Each structure stands twice: as structure tokens, then as C-alpha cells.
Amino acid sequence: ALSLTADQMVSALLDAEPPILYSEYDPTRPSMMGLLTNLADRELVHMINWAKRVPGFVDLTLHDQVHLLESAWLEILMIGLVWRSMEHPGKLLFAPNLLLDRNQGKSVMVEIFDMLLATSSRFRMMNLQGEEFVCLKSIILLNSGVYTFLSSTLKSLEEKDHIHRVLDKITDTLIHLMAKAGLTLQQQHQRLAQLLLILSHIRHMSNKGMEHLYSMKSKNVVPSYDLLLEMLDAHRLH
Amino acid sequence: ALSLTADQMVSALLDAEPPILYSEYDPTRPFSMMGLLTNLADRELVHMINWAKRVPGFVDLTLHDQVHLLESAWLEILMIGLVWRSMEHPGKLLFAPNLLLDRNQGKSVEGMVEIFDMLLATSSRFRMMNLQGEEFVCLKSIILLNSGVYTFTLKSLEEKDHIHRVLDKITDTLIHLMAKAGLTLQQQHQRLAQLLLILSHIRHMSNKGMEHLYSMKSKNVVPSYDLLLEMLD
Ligand SMILES: C[C@@H]1CCCN1CCOc1ccc([C@@H]2c3ccc(O)cc3CC[C@@H]2c2ccccc2)cc1
Ligand SMILES: C[C@@H]1CCCN1CCOc1ccc([C@@H]2c3ccc(O)cc3CC[C@@H]2c2ccccc2)cc1
């Protein structure tokens, strides 16, 4: 678990990658938020499966797993989107059959389209690599909720220590990747820093986004603890 | 500014540090929490502008871009300051030397104890990491340069490039500090990452806080571009 080598970490993360889903609409017919919501809902099921395959995540309590996903899920959809969109300047590839520019975001939203587009830009600028992307996405999963375990039972302390050890392992892994690519030591820590500072912006976008979903006043429109629990709380019967 | 050594960067940042202000209230009268905190934050902001102008590379930017960066960062910068001076007061927030509050005192306005709890947890994280003063001023400068840089023409391309060069320099500086402290190369990279990942939480806290002040519907409870412009210009 914490015994994995760097290439073992990378391979594990790459293997765990969720699928790219399609928007569900009649391509033979002439709804924006509805399309985006349906897509996100289906992605979330796959995100749970992905999380359970991030090395060290299942070692956590069921409760702490839920807490981490409750905190990170929109950031994770967003970094997924920004990655998919990297090779489509000016557009967001929500799905292979749903490629939108900023003008199409005006039907509701263009404020958060603009933020997403700029992140995609920034990724393009840095020439972000696939192996770097999956590290970052796992870092979001582990880090986003780790400061909000309002708890300090012995168990909670052990949980927080474990999470920071897994995070250290991914740091080592990112550095390894950049060493593997020929970067100098200075280039390595500079790029590590550049990559991690983008995570703050992704946090920001998730907050502006959560702000919309909460403004809708829809009873299901933000995944409840209980929904996330139902989805993570698997049996071993299959 | 891009020609500073790591030690010169650290000296510059340490010298740039704003003063610790006091809360303004009559200490002889019986103990408005929001009013006290707002008055304190208002006065800190003026000193923040002076500090920002002293961060190496900041005044090299256009005045427009200076304003944009402060507009994005100002609440994060107040928050990291608070968390830092609270570090050695477990369970409390040292808003000012004469205003040390625990979470119970945060319950006076609705929606405030949640923000208190987050601030306290960050302070705890700082305590656990044994955060050093030199690291703190690096981090605060990083917030200033980074928070607005993804939400901005050839001039703008040049501005963004400059900002990222200054950020790289502060990264170099943090690593140099950890080197001086004798950490291994592995430990250096791990601690760099741990420090930077806390900045995501501080952003989160700023967003929750901005949400409070916007909810107040007070005419100028969020500092305007033009007020920031006036103080910077
Ligand atoms: C999907 C969630 C899970 C349970 C309830 N359901 C609420 C729907 O929340 C969303 C999440 C993301 C989006 C949009 C989106 C969809 C898929 C994806 O891969 C990325 C994103 C990025 C955010 C985007 C969005 C979010 C808020 C407001 C406008 C657009 C829209 C609605
Ligand atoms: C600060 C700005 C300047 C122009 C308008 N004015 C609005 C008042 O804004 C604030 C900012 C921070 C606070 C609280 C604060 C005070 C001093 C400081 O050094 C640290 C902080 C941390 C945030 C805190 C707060 C913020 C929002 C809601 C509750 C508590 C309160 C009001």
C-alpha cells in the first residue's frame, strides 16, 4: 500500500481511470443544465469505483471515505473535464458528443465555463502529462477533505496520518515522473509547485460551482452523505 | 527582483511584514463581534497594500493586475495571517493581542462558528507541521501572486509569465530554507507539497467567508476594484 514503488503507484492510478461517458440526448433532435446534470450523475457512480482503487483509500474508515468524496467530488469532475478539454482550445469537452464553447454556456454559468477554460489553457501551457494528471486527481481526493475531519479521536489521528503518508507517496511519484522526463532538480520542484498551485484554483471553481447547485434549491442536487454512503458501503456478494 | 538570492528573498519578505494591529474597543466596558472583526480587517487591509507593494516583483506588474491579484487574495491573506499568529494558542484564534477568541465565542452570528472551526484546524495543521516564520511569509507571498493568476493581450501574456517566474523564485526559496534546515531531498519535496496543499484549504475558507460578507448586503463590505485601485494608485 505505502510499500508501492513509484512506477507501481503510476500504473495503479492509470489502471483505475474511469471511462469517458457520453451525454444522453437524441442526436437527431434540436436542457443545458439537464444534460450536464445527467452526465455528472452517471460519472459519480464511476468516480466511487475509481476512488476505491486509489492506493490507500480503502484502508480508511467508511466514514472517512465518504467525507473525502463529499469534499472532493466536484473538483474531481472538474479536473476530469479540464483534462479532456486540453486539446480543444476555447472549448469544454463535457463528453465526446457534447463539446461546448463559452457562448453555449450563456444559456444559464458562463462565469464557471470561463474558469474551466482557463485551467485547460494553463494545463496546455504546462504540457501536463497523463501520469501527472492522475497523480493530481488522487491528490484532490485525499487532500480536499483532510482539514475538515472535525475529530481527534485516536482513530481520527491515525486516519489523518495515513492520508498524509499516501499524499507523500504521490509527491514522491510526481517527482519521480519528472526525474524520469529529464528535468533538473530545480525544474522538478518548480513544476511540482506549479502543479499543486493549480489545485487551489480548482478548489475555487468547485466552490463557485457548489454555489450554483445549492442555489437551485433541488432536494437531490448535491450528493448526500447517505447517498455517498450507500454507494461506497458495498457488500462482497457479487 | 528575479535577480535576488534565496536569502535576499527571505530578508525582503521578513522586512515587508505588516504590524499586528489591536482591536478597537473600550476594554473597561462589558464585552458586536462582527463589528469588531470588520473594523480590524478594514485597518489591516491598508497595511496589506503596503506589504504587497514590498513583495519582490509585485510592483513590476501593471496597476490593473496588482488590483486583480489583491482583489482575489485579500481574504486569504487575512486568514493565513490569523492562522499564523494563532498557531501557539491551541483552540483559540488570536484576531488581535486583545481579542483572543475560542469557538464558543464564534457562535454569536449565524454561520460564523463553521468558519472559526476551519481556521482553528488550519492552525492545528500549522502547529503539527511546525511551520517556520520564513516559510509563512513565503506562503503568504505565494497566495498574493497565485490566487488571481488564472482569472485574468501580449501585455497580459508578459504579466502572467512574470508572475510565474516570481512564483518559481519563491519555490526555490522554500526549498533553500528546507535545505538550510537540513532536510533530505525527499523531505524537502514532501514538505513543499504539504505546505502548498494547505493553500487549497485556505482558498476554500476564503470562499466560505466571502459568502458571508456578500450575504450581508452591505454596500461596500467587499472591497471594490476602485477602492483597491485608489489605495494602490
Ligand atoms: C452530479 C451531481 C451528483 C449528484 C447530484 N448531481 C448534481 C449535478 O451536479 C453537477 C455537476 C457538474 C456539472 C457540470 C459538469 C458536468 C460533468 C463533468 O464531467 C464536469 C462538470 C463541471 C461542472 C459543471 C457545472 C457545475 C455547476 C454548474 C454548472 C456547470 C453540472 C451539475
Ligand atoms: C475586510 C474588508 C475590507 C473592506 C471591507 N471589509 C469587509 C470586512 O471583511 C471581513 C474580513 C475578515 C473578517 C474576519 C477576520 C478579521 C480579521 C483578520 O485578521 C482575519 C479575519 C478572518 C476572517 C474573519 C471572518 C470573515 C468573514 C466572516 C466571519 C469572519 C471579518 C470581516
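Residues numbered from 1 in each chain as written, not as in the entry; some residues may be left out. Chains lettered and ligands numbered in written order. Heavy atoms only, no water. Residues with missing side-chain atoms left out of burial classes, pairs and counts.

- Its PDB record attributes the structure to X-ray crystallography, giving the resolution as 1.8000 Å.

### Here's the deal with the UniProt feature "binding site: 17beta-estradiol" in chain B
All names here are of chain B.
Here comes step 1: According to UniProt, the positions carrying the feature "binding site: 17beta-estradiol" are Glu44, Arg85 and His212.
Here comes step 2: Position of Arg85 relative to the elements: it lies in helix α3 (residues 63–85).
Here comes step 3: Under the relative-accessibility criterion, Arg85 is labelled buried at 17%.
Here comes step 4: Look past the residues within four positions of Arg85 in its chain and what remains in contact with it is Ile20, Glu44, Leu94 and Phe95.
Here comes step 5: Polar side-chain contacts of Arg85 include one of 2.9 Å to the backbone oxygen of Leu94.
Here comes step 6: By secondary structure assignment, the location of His212 is in helix α7 (residues 185–215).
Here comes step 7: Here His212 is in contact with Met34, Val109, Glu110 and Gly111, once residues within four sequence places are set aside. (UniProt positions renumbered as here; feature names shortened; annotations may be inferred. Helix = DSSP H or I, 4+ residues; strand = E, 2+ residues; numbered from the N terminus. Buried < 20%, exposed > 50% of the residue type's maximum accessible area, 1.4 Å probe, protein only. Contact = heavy atoms within 4.5 Å. Polar contact = N/O pair within 3.5 Å; in protein donor to acceptor, adjacent residues only side chain to side chain.)

### A look at the UniProt feature "binding site: 17beta-estradiol" in chain A
Residues and elements named next belong to chain A.
Here comes step 1: In this numbering, the UniProt entry assigns the feature "binding site: 17beta-estradiol" to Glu43, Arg84 and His212.
Here comes step 2: Residue placement: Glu43 occurs in helix α2 (residues 32–52).
Here comes step 3: The residues contacting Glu43, other than those within four sequence positions of it, are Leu21, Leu77 and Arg84.
Here comes step 4: Considering the arrangement of structural elements, one finds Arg84 in helix α3 (residues 62–84).
Here comes step 5: By relative accessible area, which is 16% here, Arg84 ends up buried.
Here comes step 6: When sequence neighbours within four positions are dropped, the list of residues in contact with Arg84 reads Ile20, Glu43, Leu93 and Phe94.

### Some words on the site of ligand 1
All names here are of chain A.
Here comes step 1: The local shell around ligand 1 holds 19 residues, among which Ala40, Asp41, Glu43, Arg84 and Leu213 are the closest.
Here comes step 2: Here a nitrogen atom of ligand 1 sits 2.8 Å away from a polar atom, N or O, in the side chain of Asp41.
Here comes step 3: Side-chain polar atom of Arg84 to an oxygen atom of ligand 1: 3.0 Å apart, as the coordinates give it.
Here comes step 4: Isolated, ligand 1 exposes 640 Å² of accessible area, and the fraction of that covered by the protein chains is 97%. (Near = heavy atom within 4 Å. Areas by Shrake-Rupley, 256 points an atom, 1.4 Å probe, with all protein chains shown as cover.)

### Considerations on the packing of helix α1 (residues 6–15) of chain B against helix α5 (residues 133–146) of chain B
Residue and element names in this part refer to chain B.
Here comes step 1: At their nearest, the axes of α1 and α5 sit 9 Å apart, and the two run at 80° to each other. As judged from the angle between their axes, α1 and α5 are roughly perpendicular. Along its contact with α1, which presents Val10, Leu13 and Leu14, the element α5 presents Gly133, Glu134, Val137, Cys138 and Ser141.
Here comes step 2: Across the contact of α1 with α5, the residue classes break down as five nonpolar, two polar and one charged. (Axes fitted to C-alpha atoms, helices over the stretch in contact; angles between N-to-C directions. Parallel < 35°, antiparallel > 145°, perpendicular 65-115°, else oblique. Nonpolar A, V, L, I, M, F, W, Y, C, P; charged D, E, K, R; others polar.)

### Side note on the interface of chain A and chain B
Here comes step 1: On the chain B side, the residues contacting the 31 residues of chain A number 31 residues.
Here comes step 2: Buried area between chain A and chain B, both sides added, is near 3000 Å², and the carbon and sulfur share of it is 60%.
Here comes step 3: It is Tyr147, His189 and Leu197 of chain A in chain A that bury the most area against chain B; as a group they hold 22% of the surface buried on that side.
Here comes step 4: On inspection of chain A and its partner chain B, the count reaches zero salt bridges.
Here comes step 5: Applying the counting rule to chain A against chain B returns 14 residue pairs in polar contact.
Here comes step 6: Elements with a contribution of two residues or more to the side of chain A that touches chain B: α4 (110–126), α5 (130–143), α6 (154–180) and α7 (185–215) of chain A.
Here comes step 7: Looking at the side of chain A that touches chain B, the element that brings in the most residues is α7 of chain A, giving 17 residues. (Buried area = accessible area lost by both parts, 1.4 Å probe. Salt bridge = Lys/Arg side-chain N within 4 Å of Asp/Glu carboxyl O.)

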